[PDB]
Amino acid sequence: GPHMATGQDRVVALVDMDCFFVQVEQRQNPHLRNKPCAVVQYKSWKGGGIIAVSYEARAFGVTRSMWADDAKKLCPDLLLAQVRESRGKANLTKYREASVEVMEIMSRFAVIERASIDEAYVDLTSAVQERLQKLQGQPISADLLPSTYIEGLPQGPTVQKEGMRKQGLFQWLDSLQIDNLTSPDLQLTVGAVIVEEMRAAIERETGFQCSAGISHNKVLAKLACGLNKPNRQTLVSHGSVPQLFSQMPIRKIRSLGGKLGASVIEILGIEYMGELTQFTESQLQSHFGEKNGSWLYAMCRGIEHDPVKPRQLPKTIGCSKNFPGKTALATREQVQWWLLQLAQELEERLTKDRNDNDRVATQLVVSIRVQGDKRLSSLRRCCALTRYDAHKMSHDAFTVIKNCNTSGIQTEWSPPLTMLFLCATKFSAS
DNA sequence: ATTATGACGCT
DNA sequence: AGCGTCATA
Ligand SMILES: [Ca+2]
Ligand SMILES: [Mg+2]
Ligand SMILES: [Mg+2]
């Protein structure tokens, strides 16, 4: 009753760019705008691999991971933009730089946590309190929420999409009690107003559209964001959780999309997130461990406490390349040449990072994959990163992996290498 | 023969 | 430390 926490203490948003790499390319090349199009890397093997897809192209069934030649079978008029290649490898600089554009705008509104190249969590709790003070018991107009969906509404006693959206929003606003500044539902609504403003700022100042979720924690904000894409935002209230979770596959919740999620389904014999409520905390801890068990017990009730971390910059800077099938590296010279290529890109990015962000990396991590190994990484070794110099870094990387070479012949490398990875870690202020 | 990333947990 | 899991475009 009165002592039962409800996880309604914070307002958290998740902002995620729509078909991000595609929008970056469409901004640059107006011929690609409002067309079925995709971004691809490499070209020789089956037309290149697709890594991002416009919503127009998704209507034909085009997806990420598809070979472009195969995508063309579904969508013959598909337009393509290629990722830049430098030093023999895909170079993602343009997209990293576009990401910084967006993150810097978001940072004007609130503390953000960079969750990937195109998404960030926002802790709006303080901003909401401030806005509520300005408002002074003043009602919130639907006009302030022109692209917001309220999950679960409309309900109870129009056949068009926008019509339904407004009906739900009207029901929601009709109900609100703007008289109480501590009302969680009111707080979420003010959060959503701010996020409309944030999203408008992003589009005005970059040209990029995005979707967003607004809820009381990161997991629900992430889930909410995906409910209405593209170019829309969704508010998931605490009260919406039981119905939302009653038919929500477990795998849709962040962190449950893999083996742990599969085990929750198998061991408990359930399919939907809501079904978890019937287990005690101790039962869940017994199967999934102390940490996971407590997390699941709260999460299935819509409660999660993971904080929005104050971190706008990536914690590592890495460079990696696969060498699949027949392209695997089989000579020492090959291995050294490609380590150099990677190290040169890494040096370039590190030097820029040091100038922009007043920090220096202190550890170099070297990782490789050997032909036959099912695992993505076969081996990982670290050494000191004491100078931003590509020849030194490549020489040092070779030193830490050279003993992996089975070949009795110094000149030959066996088993051939199917991946190389250099990563700078452990930053210190500079 | 998806590839190129990046955060965090376990022991 | 080195390995594994889960996630991004
Ligand atoms: Ca996105
Ligand atoms: Mg994303
Ligand atoms: Mg995606």
Side-chain angles (χ1 to χ4, degrees), chain A residues 14 16-25 38-54 63-71 81-86 89-96 98-99 102 113-121 208 218-219 222 225-226 251-263 288-292 295 306 309 311 313-328 342 345-346 349 363 365-369 371 373-383 400-401 418-426:
Chain A
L14 184 276
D16 175 272
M17 307 307 295
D18 298 329
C19 52
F20 186 49
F21 288 13
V22 165
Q23 291 197 84
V24 177
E25 297 293 334
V39 174
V40 292
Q41 46 190 18
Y42 305 117
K43 210 78 181 72
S44 304
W45 187 267
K46 296 177 177 186
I50 292 172
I51 61 173
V53 186
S54 79
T63 67
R64 177 177 44 89
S65 86
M66 203 164 266
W67 298 116
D69 284 350
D70 292 334
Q82 292 181 250
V83 176
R84 174 180 180 176
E85 289 179 47
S86 302
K89 64 182 293 302
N91 187 303
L92 306 170
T93 300
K94 186 194 304 183
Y95 316 107
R96 291 193 185 98
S99 175
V102 172
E113 179 183 342
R114 180 198 198 271
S116 75
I117 195 159
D118 88 325
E119 71 205 83
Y121 294 96
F208 303 142
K218 294 161 71 180
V219 164
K222 176 67 181 310
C225 185
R251 63 180 178 273
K252 302 299 184 178
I253 288 62
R254 196 199 78 190
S255 85
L256 301 181
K259 296 177 179 186
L260 171 63
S263 74
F288 312 113
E290 181 183 319
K291 187 170 172 178
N292 284 333
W295 184 88
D306 186 36
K309 295 183 175 188
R311 181 191 76 247
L313 304 169
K315 292 191 169 197
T316 57
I317 296 181
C319 292
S320 69
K321 189 167 174 49
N322 294 349
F323 302 94
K326 183 175 174 296
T327 72
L342 285 177
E345 178 184 333
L346 185 59
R349 287 160 61 188
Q363 183 178 78
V365 174
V366 187
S367 177
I368 66 178
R369 190 186 185 188
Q371 199 154 53
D373 191 331
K374 179 184 177 302
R375 306 171 296 168
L376 278 59
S377 164
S378 297
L379 183 134
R380 203 213 72 159
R381 292 292 190 263
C382 70
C383 65
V400 304
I401 74 167
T418 52
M419 182 275 294
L420 296 177
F421 186 15
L422 296 181
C423 186
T425 70
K426 298 193 184 310

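Throughout, protein chains are lettered first and strands after them, A, B, ... in sequence-line order, and every chain is numbered starting at 1. Just the heavy atoms: all of them, side chains too, but no hydrogens, waters or symmetry mates, feed the values below.
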Asks: Without hydrogens or angle criteria, can the side chains of A:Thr425 and A:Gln363 be said to hold a donor-acceptor pair below 3.5 Å?
Replies: yes
Asks: Roughly, in whole Å, what's the span from CD in A:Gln82 to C1' in B:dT3?
Replies: 15 Å
Asks: Do any side-chain nitrogens or oxygens of A:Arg311 fall under 4.0 Å of OP1 or OP2 in B:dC8?
Replies: yes
Asks: Find the distance A:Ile253:CD1 to C:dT5:P and express it as a whole number of Å.
Replies: 21 Å
Asks: Could you state the atom-to-atom distance from CD of A:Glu113 to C1' of C:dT8 in whole Å?
Replies: 14 Å
Asks: What integer distance in Å separates A:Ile317:CD1 from B:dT5:P?
Replies: 11 Å
Asks: In whole angstrom, give the distance that lies between atom CE of A:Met419 and atom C1' of B:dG6.
Replies: 14 Å
Asks: Mind calculating the distance between CG (A:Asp373) and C1' (C:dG4) to the nearest angstrom?
Replies: 12 Å
Asks: Got A:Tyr42 and A:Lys89 here, is their nearest side-chain heavy-atom distance under 4.5 Å?
Replies: yes
Asks: Is any side-chain N or O of A:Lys259 closer than 4.0 Å to OP1 or OP2 of C:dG4?
Replies: no
Asks: Does the side chain of A:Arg369 get closer than 4.0 angstrom to OP1 or OP2 of C:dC3 through an N or O atom?
Replies: no
Asks: Can you tell me the distance, in whole Å, between the CG atom of A:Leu376 and the P atom of C:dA7?
Replies: 15 Å
Asks: Look at the side chain of A:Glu119 and the backbone N and O of A:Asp16, then say whether any donor-acceptor pair between them is shorter than 3.5 Å.
Replies: no
Asks: Any base atoms under 4.0 Å from A:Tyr95, or only sugar-phosphate, or nothing? Heavy atoms, all strands.
Replies: nothing
Asks: Hey, does A:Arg349 have a side-chain heavy atom less than 4.5 Å from the side chain of A:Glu345?
Replies: yes
Asks: What integer distance in Å separates A:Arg380:CZ from B:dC10:P?
Replies: 17 Å
Asks: Categorize A:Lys291 for me: base, sugar-phosphate, or nothing, with a 4.0 angstrom heavy-atom threshold over every strand shown.
Replies: sugar-phosphate
Asks: When you measure from the side chain of A:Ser65, which nucleotide among B:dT5, B:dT2, B:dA1 comes out closest?
Replies: B:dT2
